[PDB]
4 protein chains.
Amino acid sequence: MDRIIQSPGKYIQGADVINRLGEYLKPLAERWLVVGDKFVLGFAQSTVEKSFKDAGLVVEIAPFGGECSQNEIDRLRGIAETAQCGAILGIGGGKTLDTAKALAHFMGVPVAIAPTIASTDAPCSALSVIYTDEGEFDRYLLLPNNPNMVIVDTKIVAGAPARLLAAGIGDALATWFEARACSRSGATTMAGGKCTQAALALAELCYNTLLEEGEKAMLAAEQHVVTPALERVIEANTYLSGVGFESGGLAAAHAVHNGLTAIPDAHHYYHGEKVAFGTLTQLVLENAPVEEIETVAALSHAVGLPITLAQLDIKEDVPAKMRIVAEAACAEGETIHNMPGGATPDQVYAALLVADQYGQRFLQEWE
Amino acid sequence: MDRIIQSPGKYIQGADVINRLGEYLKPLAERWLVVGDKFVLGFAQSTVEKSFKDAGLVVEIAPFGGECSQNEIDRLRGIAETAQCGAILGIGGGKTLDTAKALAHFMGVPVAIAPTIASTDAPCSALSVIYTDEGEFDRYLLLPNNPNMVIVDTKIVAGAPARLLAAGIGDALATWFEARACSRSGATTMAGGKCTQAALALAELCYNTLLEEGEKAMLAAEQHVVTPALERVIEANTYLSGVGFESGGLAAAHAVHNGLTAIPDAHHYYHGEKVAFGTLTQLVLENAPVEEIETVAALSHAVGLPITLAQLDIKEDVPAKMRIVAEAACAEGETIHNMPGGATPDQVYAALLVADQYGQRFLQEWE
Amino acid sequence: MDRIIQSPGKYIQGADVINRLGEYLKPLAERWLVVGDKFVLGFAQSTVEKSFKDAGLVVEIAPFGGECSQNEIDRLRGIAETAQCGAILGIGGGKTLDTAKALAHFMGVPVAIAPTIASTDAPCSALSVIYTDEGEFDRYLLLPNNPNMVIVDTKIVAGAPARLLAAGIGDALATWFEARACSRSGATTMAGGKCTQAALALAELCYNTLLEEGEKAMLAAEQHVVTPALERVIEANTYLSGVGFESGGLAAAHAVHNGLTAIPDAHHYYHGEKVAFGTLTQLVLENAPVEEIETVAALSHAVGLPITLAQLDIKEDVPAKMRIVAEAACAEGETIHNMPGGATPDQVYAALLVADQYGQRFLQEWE
Amino acid sequence: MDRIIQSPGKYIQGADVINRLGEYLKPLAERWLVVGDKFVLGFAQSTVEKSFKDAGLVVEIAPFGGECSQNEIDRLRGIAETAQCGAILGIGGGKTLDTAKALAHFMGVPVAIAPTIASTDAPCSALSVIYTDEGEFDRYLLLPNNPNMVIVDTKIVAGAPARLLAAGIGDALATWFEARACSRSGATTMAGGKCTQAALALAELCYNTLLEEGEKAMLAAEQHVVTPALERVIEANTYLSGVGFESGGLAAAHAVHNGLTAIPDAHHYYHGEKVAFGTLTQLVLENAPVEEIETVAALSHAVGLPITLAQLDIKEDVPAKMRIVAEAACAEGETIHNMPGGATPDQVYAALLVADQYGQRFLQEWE
Ligand SMILES: NC(=O)c1ccc[n+]([C@@H]2O[C@H](COP(=O)([O-])OP(=O)(O)OC[C@H]3O[C@@H](n4cnc5c(N)ncnc54)[C@H](O)[C@@H]3O)[C@@H](O)[C@H]2O)c1
Ligand SMILES: NC(=O)c1ccc[n+]([C@@H]2O[C@H](COP(=O)([O-])OP(=O)(O)OC[C@H]3O[C@@H](n4cnc5c(N)ncnc54)[C@H](O)[C@@H]3O)[C@@H](O)[C@H]2O)c1
Ligand SMILES: NC(=O)c1ccc[n+]([C@@H]2O[C@H](COP(=O)([O-])OP(=O)(O)OC[C@H]3O[C@@H](n4cnc5c(N)ncnc54)[C@H](O)[C@@H]3O)[C@@H](O)[C@H]2O)c1
Ligand SMILES: NC(=O)c1ccc[n+]([C@@H]2O[C@H](COP(=O)([O-])OP(=O)(O)OC[C@H]3O[C@@H](n4cnc5c(N)ncnc54)[C@H](O)[C@@H]3O)[C@@H](O)[C@H]2O)c1
Ligand SMILES: [Zn+2]
Ligand SMILES: [Zn+2]
Ligand SMILES: [Zn+2]
Ligand SMILES: [Zn+2]
């Protein structure tokens, strides 16, 4: 069938690009509603206002309630209609960004996306994940296009807690493995077609970038400063991983992430931290070579991601919980079925326990 | 400076995808002006009308005058307002697509483009070239965004003259060398910033695809059939080179192309045919290793592109003509200035004569 | 523009060459003033006198006051005019040698240079660095030629404190990295032109020599004896590094050295010890691969050079001091601007902190 | 023994650098004798006079007799004292440069040389060959130093006959093999000591430059234009081979050259043309591996150098002539004695016949 690749229309990254926001956004619309993470507005709200004002734009700022829920979106629709804005800007982490995309779609207007962390591969995709106000999965909202514009201030990312950069590394490290599995199996992507070569190349670049640059990038995030390694890892966590997962494919790592959220123990760990264990689980399923397993385990360990179930607070009733994870992972319409030859609940259960054992031996040997 | 990559929002490629234009375009608008010339509407019109009709869309077919000019745009816009079209589809070669992009810009509506050939890398880009009704360059029209949707029917492309596929290879083969040069010089790209890693990776993938698949694809093109090699070369010629040139950078090869168009002798050659000589010229300028120049000359020769001035019909008064080419290639604003260290007219002159001598020696040996 | 390489007219190294000084110097002049480091004159003054006397030359010996200042040079001019000498010999470390060059230039006579340590790349260059008597930077004196003759007694070098050989390793280890950056950026060299191939080759040889021979050479310097590894490292620290920096180029490592001298904490560390940290800082800026960073950090550590700010006594108020270092490093006319794409004060600050972190982890891991 | 490298003080190369002779030479002297023959002053004189005039210098043009002989030197010195010149500029080919170096020596003043061809490696060296007014070898004049300044206008060199560039390649291609042999035998170099690492690295760079760039440069030479390949070959032919031979060492190839000049048949060939056969002779003597001899024969053949005795017009009485060559090459004082293990007349005789047979087989295969 057809080969399809999707992208945001334009992706921009640079130090202090928050000062140029207005100038980049001006071609899209004159009037703007900003949906902003509260923490971020706390240090940056004047800077944002000045950026728009200097470009001759009209802007109103709405603080974000914190969850991408139907209620929050509806609240923001009300504010948007009153403002009669021609476009939405999301500025924050993934929850803020998914909310802005959904809002913009319901208002039928352009959306710009300004990640203030590089924590997940949400920013670039044509998808918003909707939750209940209690923080539970509600539904996927499939958008007819990717954001018009994605603008990443690398200095703001560098000032955020380093754990959130690690989390994004854990999210993005899965990308190549999942897109390759889908290539091998011939699976349809979220873009609705088979893999392009472009998408697999970006997915592989993502993996190699993290291997070469991940540890260097963490030194910079820990000191809250911008270096070339950090710029490269931000691009990987954001553009490469975004295009790679959506237009290259999802498989076991994401299915296992979803499984793990059915366990209360891990629910407050970051998306990428759960994806990280999902990647190790996937390498058991696809029987990756010893040196590949070790390379991934070593990078994950070096940036502080979990490589064991105990690092996700899964310490008691492990067999029973892994049954739950395995069943959820193989539910109808999960992406585990994109693996070459598929995966049964028993195969995933087996992979979970064995990945945990590999993690546990890796750690012991590290003293 | 910021690092920027731009892309069409969605790129789709597949055999007989023209049957699916409706389902794919539906999410963007209900009412469409379809702009195509007589020849294309000749084979395509009834298929388009049925695909749109079955998706529940409205179409207004507007035969195209053949030239991308302000008058032609105004006329078509005339027709589009009357019909109350929400979106433009261009279907055909580069002049038709250029026109649909410009029209859609002036009317503030989305654009889809459906190339029926793969002969240049211009289609996916955020640029429209405006011409006189007589066919002379008027001005470049910079667009605020790349086409919303690009849809390539590989079966229609396979039916086009094989010469046009080779010409496309000639245009796309420059991509890597020009992006690499701009990366070495730190030049600004047409997307408005410095190179992303993503853009450089797609430019290099373009090059490697053409090396690996070029000759195989030309066998398919000459038999007018679709193979995976042809599919890959079409992607390289269209998506990879489009992103590579616009977000990776242009340099000497394109500037030499422009110089060659000041020479009446070379008027009957396609864009990519002149660019193919420009690439060899560039490799002399940057003093590429013998093995690289030989690889490029061999691929160019194997798919029928020119590697000498005589194969562009430049046979008489060659010194005098190359002074003209060199002076034009080095005109203020030209992309030759993106080469590391720049290039003077004298340097470009020298490279033109030596690239020609190199091509001549290469042809002599080949027999 | 023009490609230029500069050299001393003749470079000589050998064990006990101090005995052949007179014979080597005789073609330049009959009457000589020797400007001599006091420590050196303390053990070698009779040997020097005998060398000249045996060759039939006339010599007068002036002990060097210790700083290359305008006053010291003026004092020595007075002595030289009275002596009516036809040439100057400098014998000592870098401060003695720069003084002799400056003196010889002001008297308009030939200069010979006899390093008694291999501590910096001063000896061979067409430059004298002038200081205040208080030991502060005054001005660069650009000489119209390099020394006529450079004569290195490898046994005298071997008898000096081993720390001063390490210091020279730290000075010379920067050479390849800086000349390569300048090659990449197209920067002008101190010789006034673009890089020759000759200069880059000598710069690269310098780096590879230190990697292969640095540790072996330190064993010999510690035992105060001459081996082939020591002879090779002396040549690297003196001729290779001299030609390499002047005719290949300076970039971030030297700019960072200059920054660090604005900090009182490090002021009494040797030139090369500060350059060593500057090299690690540069490898952050140019995003060197992990294995290159590690190779350089390991060699620097093995010969006793600093790889952390604490090893230069920068232990308190580090952020504030690194702002100072970064601003000085990027001052107008510094060589940091020779890096590909340049470097802002923020980029250099970032590189300083991250290089320090890499150093600190390297040391921790070394237990 | 001491390790010594000698070099010209400053080497400058660039297109149209003749326009900058004044600014570059100013630092050495105010008043100049410019020595050039009719032909060179023919194209160069007005340019030189304007460059000097604009720098504020005085010039006295002294047309050169064509032969480097004691009479010619005395005459010119005559003119130089009258004019009260502080420095000599030689401009032209090797006989003019030789003369300027010798003159400047006898008058005790600095010398600048501006080669208008790149056909031998003699220009940069500290040696002048003196001849009879009739053109016969009189004596070698050893100079205490290399030229103060060497200035090569690559655009003038590109205008010279292509044959002279190839001849230069022939002269420079020996450099690495002769320096390597002297390094293996421990022979003393013309600079008066054992090999430095620097000199061996420049000799090997010369070889690799010619391999990589030789054929490319010959295309530029034949079109009479400047490319980077030509620039690199000019540097190899002039600076790298000059330092390589004088500070690296001469061996069999030069001795064979000398032997070949005792044979009237080879009189119409350039120095580098005879040396090219001498190199192949040397590779037989040292029993170089088949792949090395083939590489050298192929490069020599590709740029038009002789690889057989017939291509030096030695066609009759070849055994008898090769006895003469072998005896002369092995004369007391000749450099063949620097080969590891030495060489007897019989060994050299054998190598000459076998090198010829090798060349003949190589030409037969090539068609
Ligand atoms: N749509 C997709 O394709 C896709 C893909 C992956 C993940 N997601 C979604 O992404 C969400 C997770 O995003 P997230 O982990 O970024 O959560 P988030 O948006 O809640 O951000 C995490 C935390 O980071 C803080 N933060 C943000 N910027 C900061 C800054 N500059 N300095 C300091 N703190 C800062 C926020 O205040 C917040 O507390 C989930 O809802 C998940 O479903 C969507
Ligand atoms: N200087 C220039 O103007 C220049 C230079 C180089 C390339 N080009 C490009 O080349 C084009 C020139 O050709 P054109 O304008 O006449 O375009 P065109 O559309 O007429 O090109 C040939 C056509 O034949 C069609 N075709 C033939 N048999 C077919 C079959 N069996 N099934 C399906 N399709 C079939 C192809 O699909 C294609 O549309 C330009 O539009 C431009 O894109 C232009
Ligand atoms: N001109 C240039 O291109 C260039 C390049 C680099 C550095 N420099 C200059 O070099 C200077 C630093 O030179 P340095 O570090 O050699 O300083 P230095 O000349 O003061 O020598 C350092 C110490 O070594 C001692 N010493 C010298 N020879 C000895 C021996 N044989 N045995 C024992 N002790 C011996 C001296 O007495 C002195 O105390 C600075 O002024 C710097 O600006 C110039
Ligand atoms: N046995 C020998 O004497 C021997 C052997 C081998 C090589 N050589 C070398 O070759 C030389 C022989 O040639 P020559 O002495 O007649 O030297 P020459 O200077 O006349 O050589 C040719 C000249 O043509 C000039 N030229 C021609 N067209 C030009 C243009 N358009 N622009 C600029 N310059 C242009 C070149 O610059 C060059 O100076 C010797 O001087 C020596 O260096 C000598
Ligand atoms: Zn994810
Ligand atoms: Zn093009
Ligand atoms: Zn230094
Ligand atoms: Zn020679």
Side-chain angles (χ1 to χ4, degrees), chain C residues 1-17 20 23-24 26-28 110 124 126 142-154 191-194 196-206 208-209 213 231-236 238-240 242-244 247, chain D residues 1-17 20 23-28 110 126 142-154 191-194 196-206 208-209 212-213 228 231-232 234-236 238-240 243-244 247:
Chain C
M1 65 180 190
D2 308 320
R3 296 191 185 280
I4 303 169
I5 186 166
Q6 286 167 187
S7 176
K10 177 167 174 171
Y11 170 94
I12 302 156
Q13 65 170 62
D16 293 323
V17 72
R20 299 178 282 288
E23 294 305 339
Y24 281 122
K26 164 179 291 154
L28 284 174
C124 287
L142 287 175
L143 306 178
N145 57 276
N146 298 69
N148 306 81
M149 212 172 287
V150 177
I151 302 102
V152 190
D153 191 315
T154 52
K194 303 299 168 209
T196 56
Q197 289 284 102
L200 292 177
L202 291 184
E204 195 178 358
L205 178 66
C206 183
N208 289 306
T209 302
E213 309 289 353
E231 290 176 71
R232 284 173 184 230
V233 169
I234 288 171
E235 183 186 341
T238 310
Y239 190 84
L240 302 187
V243 178
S247 293
Chain D
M1 186 160 224
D2 301 323
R3 295 176 183 301
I4 304 181
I5 185 171
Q6 293 175 180
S7 166
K10 198 185 216 198
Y11 174 91
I12 306 156
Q13 179 193 292
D16 292 319
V17 76
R20 292 176 289 280
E23 82 169 60
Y24 279 124
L25 292 184
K26 184 176 172 73
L28 260 52
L142 275 66
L143 302 176
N145 58 279
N146 301 73
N148 302 82
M149 200 155 308
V150 181
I151 312 181
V152 187
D153 189 320
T154 61
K194 302 312 170 193
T196 55
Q197 287 289 107
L200 290 180
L202 297 177
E204 191 174 4
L205 177 65
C206 183
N208 284 303
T209 304
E212 286 156 14
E213 309 288 347
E231 284 180 80
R232 286 181 178 204
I234 291 173
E235 176 180 344
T238 312
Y239 189 78
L240 304 176
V243 172
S247 304

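Residue numbering restarts at 1 for every chain, and letters A, B, ... go by the order of the sequence lines. As a basis for the values below, the full set of heavy atoms in this structure was taken, side chains included, without hydrogen atoms, waters or symmetry mates.
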For residues [X] and [Y], determine if any side-chain heavy atom of one lies less than 4.5 Å from a side-chain heavy atom of the other.
X: D:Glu212; Y: D:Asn208; answer: yes
X: D:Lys10; Y: D:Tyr24; answer: yes
X: C:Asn145; Y: D:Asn148; answer: no

Counting only non-hydrogen atoms closer than 4.5 Å, does [X] touch chain C with its backbone (N, CA, C, O), its side chain (CB onward), both, or neither?
X: D:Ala191; result: backbone
X: D:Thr209; result: neither
X: D:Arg3; result: both

At a 4.5 Å cut-off on heavy atoms, which part of [X] comes close to chain D: side chain, backbone, both, or neither?
X: C:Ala126; answer: neither
X: C:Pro8; answer: backbone
X: C:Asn146; answer: side chain
X: C:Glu204; answer: neither
X: C:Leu205; answer: side chain
X: C:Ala201; answer: side chain
X: C:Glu235; answer: side chain
X: C:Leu240; answer: side chain

Is a side-chain donor or acceptor of D:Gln197 paired with a backbone partner of C:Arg232 at a separation under 3.5 angstrom? no

Using a 4.5 angstrom heavy-atom cutoff, name the option from D:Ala198, D:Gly192, D:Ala15, D:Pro144 with the most pairs to chain C. D:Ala198

Can you tell which of C:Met149, C:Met1, C:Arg20, C:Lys194 has the highest number of heavy-atom pairs within less than 4.5 Å of chain D? C:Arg20

Is it true that C:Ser7 and D:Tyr11 share a donor-acceptor pair across their side chains at a distance under 3.5 Å? no

Exercise: identify the closest heavy-atom pair between C:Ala236 and C:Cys206: O-SG, 3.6 Å

What one should report as the nearest heavy-atom pair of D:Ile151 and D:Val17 is CG2-CG1, 3.7 Å

Run C:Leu202 and D:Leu202 through side-chain contact (heavy atoms from CB on, under 4.5 Å) and show every step you take. CA-CA 8 Å; C:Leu202 291 184; D:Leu202 297 177; 4.0 Å; yes

Would you please test D:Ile5 and D:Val243 for side-chain contact (heavy atoms from CB on, under 4.5 Å) and show each step? CA-CA 8 Å; D:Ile5 185 171; D:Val243 172; 3.8 Å; yes

